[PDB]
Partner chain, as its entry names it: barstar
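A single chain, nothing else alongside it, follows as structure tokens in the form solved without the partner chain.
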């Protein structure tokens, strides 16, 4: 399930950076940005394979990709944030 909706301005600033890169189709900093997210655990709504894609939200100071991600869905404005490596998600509201 999705935990609720959160305004973009209430998320870390790096989530705004990642969304700007998604809108321009990159370039992205990590080679894993843009791969399909399988939703194997069925936390997000069930969809066809390839409906969801994953992008890194950089964690300042981290040596690795860390635990923050944006998952896009194919629908308009359908973007989810996770800060715990896919355990929980919130829908991003870009209007606030």
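Residue numbers count along the first chain shown, from 1.
This protein has a second form, the form deposited with the partner chain bound, left out of what is shown; the following refers to that one.
- Although the partner is absent here, residue 84 lies within 4.5 Å of the partner chain in the deposited bound form, judged by heavy atoms.
- Within this chain, residue 37 lines the site of the partner chain in the deposited bound form, having a heavy atom no more than 4.5 Å away.
- Residue 53 falls outside the set of residues with a heavy atom inside 4.5 Å of the partner chain in the deposited bound form.
- Using a 4.5 Å cut-off on any heavy atom, the one residue of 13-34 that reaches the partner chain in the deposited bound form is 32.
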